[PDB]
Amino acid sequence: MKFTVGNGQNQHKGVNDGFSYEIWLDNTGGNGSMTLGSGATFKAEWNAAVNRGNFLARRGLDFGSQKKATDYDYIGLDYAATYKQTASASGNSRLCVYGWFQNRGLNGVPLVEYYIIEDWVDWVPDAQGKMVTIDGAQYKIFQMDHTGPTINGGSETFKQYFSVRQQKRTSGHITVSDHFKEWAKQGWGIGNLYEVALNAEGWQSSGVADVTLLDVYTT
């Protein structure tokens, strides 16, 4: 139930109570840990306020890349967390829903890494976008190119899709399927749903994300 990164091992991933877990630290320094709770719950801590320090901890539901992400009639995520950045060496962090749309076998469809960002500190990705209303709240949506390693392998150029919550928070209900529908309404390509995860990420920062409630489901 506790996993550590930064002194010997820089990654752990597995499954427990039907929910994935993953923790990762780059080889640029720092340390971190994830303590599992029941279900999908977890506490993550990181100390990576060093140059190019880079940390992530996430848990979620694997969907098996079986069908178009928008074919699921309803996907819900309920979460509650304490989330704090305690150091920043020109750094940042975010708490978000996270996953991929797999395009393997899909002609004309991009590979996508997606983020529904509920809270952030110091910096968050941004680009020319559109405001939309989901779950009673304003989110800015946009997409951008990224070049880097991928669920399928090493450096390729793929797409990232973003919804960024305008009023930061650390608990509530997210209608994940509604975000997917808004992205689709822009004419963005939607591949097969790989996962739906709650993700804490740190760049050149230190902090804690104590996720005491996390439920992901479809109907």
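Note that residue numbering follows the sequence shown and begins at 1.
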24 to 32 versus 147 to 155 - which carries the larger mean C-alpha B factor in the record: 147 to 155
Higher average CA B factor in the deposited record is what I'm after, so tell me if that's 68 to 76 or 101 to 109. 101 to 109
Candidate set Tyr114, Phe142, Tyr83, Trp120 [ranked by C-alpha B-factor, highest]: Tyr83
Report the third (lowest, middle or highest) to which the CA temperature factor of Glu201 belongs, ranking only the modelled residues of the same chain. highest
Ranking every modelled residue in this chain by its Cα temperature factor as given in the entry, which third contains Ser163? lowest
Per the entry's values, where does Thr170 land by CA temperature factor relative to the rest of its chain, in the lowest, middle or highest third? middle
Position of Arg58 among the chain's modelled residues by C-alpha B-factor, lowest, middle or highest third: middle
Where the record places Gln128 (Cα B-factor, split into thirds across the chain): highest
